[PDB]
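A quick write-up on the structure given underneath.
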Amino acid sequence: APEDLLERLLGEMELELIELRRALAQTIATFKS
Amino acid sequence: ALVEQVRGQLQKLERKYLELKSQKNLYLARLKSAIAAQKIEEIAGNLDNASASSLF
Amino acid sequence: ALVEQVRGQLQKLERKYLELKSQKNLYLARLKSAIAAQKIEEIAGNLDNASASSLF
Amino acid sequence: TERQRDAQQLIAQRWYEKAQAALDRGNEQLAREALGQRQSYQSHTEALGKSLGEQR
Amino acid sequence: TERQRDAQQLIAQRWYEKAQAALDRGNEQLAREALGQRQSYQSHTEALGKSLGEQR
Amino acid sequence: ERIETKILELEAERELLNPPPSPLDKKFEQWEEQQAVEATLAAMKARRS
């Protein structure tokens, strides 16, 4: 049922967003050092 | 002479080792950024793209 | 000579030992401050942030 | 959807209401930049208003 | 909420009432700093007053 | 060094999760703040005089 996919796909997107969210700080971390 | 010259190699080598470590995370971080950003737009293309948007 | 030189090592070493202890708590305190402050804003972001505020 | 449109115009309204003082006293440069920021919210505001009407 | 707004203005009022003497005798510098402290309370006071009206 | 690096990691996150206000707003409030004190004080010097 495509409807469940819509919700599921965004959930997978949310994990990547936080994954990218954490990654940016790592770049900032080395910059300060 | 041997002890003096060999130390210079060690003195120079150690400086290079940490220098590579500094760039290790820098390139790793950039790779992860693109990797994370690579998929999200692919989902949007598979989700929203008017050609074959699964969403609309 | 041996007793004189060895004491100098002990005399110098003891001074360093307490010096490290002074910085031990200083860095530990700063770490705890950030750790405590790290979560509270995360709750606020999870609580108030207009994007997906669980509160409002 | 209606609430967001009202909120966004208020943000521009505060900039617009603020922009009245920024342009005041002859300090045009402050007003110049302020209105440029407003246009970003204005474009978003128009899109929502169209969405509200069709949903009716 | 109403009580807090009344209390905060009183704090500024005491500073304002005090500021009358601080500005008095030509000692402007004391008055200059005093009013700067007041603005912090004034900003808080305005926010509450808006909240009181909508709650009605 | 290893401990202090972790400090930056936590420090770097706060700005990301709480984006600092742009330098725009700083000058506007500072520009407005002087008028707030001066305009209010303009009455102060005027009411007493």
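By convention here, the chains of the structure tokens are called A, B, ... in the order presented, each chain's residues are numbered starting at 1, and ligands are numbered starting at 1 in the order presented.
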
Worksheet item: What residues in chain A lie within 6 Å of chain B, counting only C-alpha atoms, written as JSON, numbers by chain?
Response: {"A": [16, 20, 27]}

Residues within 10 Å of stretch 16-20 of chain F, please, as a compact mmCIF listing (two decimals) with N, CA and C atoms, in the first residue's frame. Count only C-alpha atoms; anything in the same chain fewer than 4 positions from it doesn't count.
# COMPACT_ATOMS: atom_id res chain seq x y z
N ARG A 21 23.21 15.88 10.22
CA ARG A 21 23.26 16.87 11.29
C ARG A 21 24.48 16.64 12.18
N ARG A 22 24.70 15.39 12.59
CA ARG A 22 25.86 15.08 13.41
C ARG A 22 27.16 15.27 12.63
N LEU A 24 27.99 17.41 10.33
CA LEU A 24 28.44 18.79 10.20
C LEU A 24 29.23 19.23 11.42
N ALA A 25 28.76 18.87 12.62
CA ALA A 25 29.47 19.24 13.84
C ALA A 25 30.89 18.68 13.83
N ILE A 28 32.90 20.99 12.01
CA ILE A 28 33.13 22.16 12.85
C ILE A 28 34.13 21.83 13.95
N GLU C 41 19.49 21.69 26.26
CA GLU C 41 19.08 22.32 25.01
C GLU C 41 18.54 21.29 24.03
N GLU C 42 19.03 20.05 24.09
CA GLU C 42 18.46 19.00 23.24
C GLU C 42 17.00 18.74 23.60
N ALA C 44 15.02 21.01 24.95
CA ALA C 44 14.32 22.18 24.46
C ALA C 44 14.10 22.09 22.95
N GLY C 45 15.12 21.65 22.21
CA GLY C 45 14.94 21.44 20.79
C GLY C 45 13.89 20.38 20.50
N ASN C 49 11.27 23.54 19.88
CA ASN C 49 11.61 23.86 18.50
C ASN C 49 10.39 23.78 17.60
N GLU F 11 30.42 21.49 22.09
CA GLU F 11 30.30 22.92 21.82
C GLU F 11 29.78 23.17 20.41
N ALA F 12 30.32 22.45 19.43
CA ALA F 12 29.91 22.66 18.04
C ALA F 12 28.43 22.35 17.84

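For chain D, the residues close to chain F, meaning within 9 Å and counting only C-alpha atoms, are residues 21, 22, 30, 33 and 34 of chain D.
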
Worksheet item: Got a sec to tell me which of chain B DSSP assigns to helix (DSSP H, G or I), as an MDAnalysis selection string?
Response: chainID B and resid 2:47

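Interface residues on chain F toward chain A (cut-off 7 Å, only C-alpha atoms): residues 8, 9, 12 and 13 of chain F.
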
Fill in: Residue contacts of stretch 7-16 of chain E (12 Å, only C-alpha atoms) excluding same-chain residues fewer than 6 positions away, as a PyMOL selection string
(chain E and resi 1+22-23+30-49) or (chain F and resi 40-41+44)

Selection from above, N, CA and C atoms, as a compact mmCIF listing (two decimals), in the first residue's frame, can you write it?
# COMPACT_ATOMS: atom_id res chain seq x y z
N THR E 1 0.08 35.32 35.93
CA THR E 1 0.79 36.06 34.89
C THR E 1 0.64 37.56 35.09
N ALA E 22 19.38 59.85 40.23
CA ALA E 22 20.66 59.58 39.59
C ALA E 22 20.96 60.63 38.53
N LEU E 23 19.98 60.96 37.69
CA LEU E 23 20.16 62.03 36.72
C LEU E 23 20.28 63.39 37.41
N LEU E 30 25.71 58.15 35.87
CA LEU E 30 24.93 57.22 36.69
C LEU E 30 23.57 56.95 36.06
N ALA E 31 22.92 58.00 35.56
CA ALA E 31 21.63 57.82 34.90
C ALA E 31 21.78 57.03 33.61
N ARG E 32 22.86 57.27 32.86
CA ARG E 32 23.07 56.55 31.60
C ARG E 32 23.04 55.05 31.81
N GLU E 33 23.82 54.56 32.78
CA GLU E 33 23.86 53.13 33.05
C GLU E 33 22.53 52.63 33.61
N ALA E 34 21.88 53.44 34.45
CA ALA E 34 20.66 52.99 35.11
C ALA E 34 19.57 52.66 34.10
N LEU E 35 19.36 53.54 33.11
CA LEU E 35 18.31 53.31 32.13
C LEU E 35 18.63 52.11 31.25
N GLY E 36 19.91 51.88 30.97
CA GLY E 36 20.28 50.69 30.23
C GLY E 36 19.83 49.42 30.92
N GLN E 37 19.93 49.37 32.25
CA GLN E 37 19.43 48.23 33.00
C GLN E 37 17.91 48.13 32.89
N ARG E 38 17.23 49.27 32.82
CA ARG E 38 15.77 49.27 32.77
C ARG E 38 15.26 48.58 31.51
N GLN E 39 15.91 48.82 30.37
CA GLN E 39 15.41 48.29 29.11
C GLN E 39 15.25 46.77 29.15
N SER E 40 16.11 46.08 29.90
CA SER E 40 15.98 44.63 30.01
C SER E 40 14.64 44.25 30.62
N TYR E 41 14.22 44.96 31.68
CA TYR E 41 12.92 44.69 32.27
C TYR E 41 11.78 45.17 31.37
N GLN E 42 11.98 46.27 30.65
CA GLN E 42 10.93 46.79 29.78
C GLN E 42 10.57 45.78 28.70
N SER E 43 11.58 45.16 28.09
CA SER E 43 11.31 44.18 27.04
C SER E 43 10.49 43.01 27.59
N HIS E 44 10.85 42.52 28.78
CA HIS E 44 10.07 41.45 29.39
C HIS E 44 8.65 41.90 29.69
N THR E 45 8.49 43.15 30.15
CA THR E 45 7.17 43.65 30.51
C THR E 45 6.23 43.64 29.30
N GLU E 46 6.74 44.08 28.15
CA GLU E 46 5.90 44.14 26.96
C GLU E 46 5.41 42.75 26.55
N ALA E 47 6.28 41.75 26.63
CA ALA E 47 5.90 40.40 26.21
C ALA E 47 4.74 39.88 27.05
N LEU E 48 4.80 40.08 28.37
CA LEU E 48 3.73 39.59 29.23
C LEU E 48 2.41 40.29 28.92
N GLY E 49 2.45 41.62 28.74
CA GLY E 49 1.22 42.35 28.48
C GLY E 49 0.49 41.82 27.25
N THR F 40 14.19 57.82 25.30
CA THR F 40 13.67 57.84 26.66
C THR F 40 14.40 58.87 27.51
N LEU F 41 15.72 58.94 27.38
CA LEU F 41 16.49 59.93 28.14
C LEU F 41 16.26 61.34 27.61
N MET F 44 13.86 62.44 29.65
CA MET F 44 14.41 62.64 30.99
C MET F 44 15.04 64.02 31.12
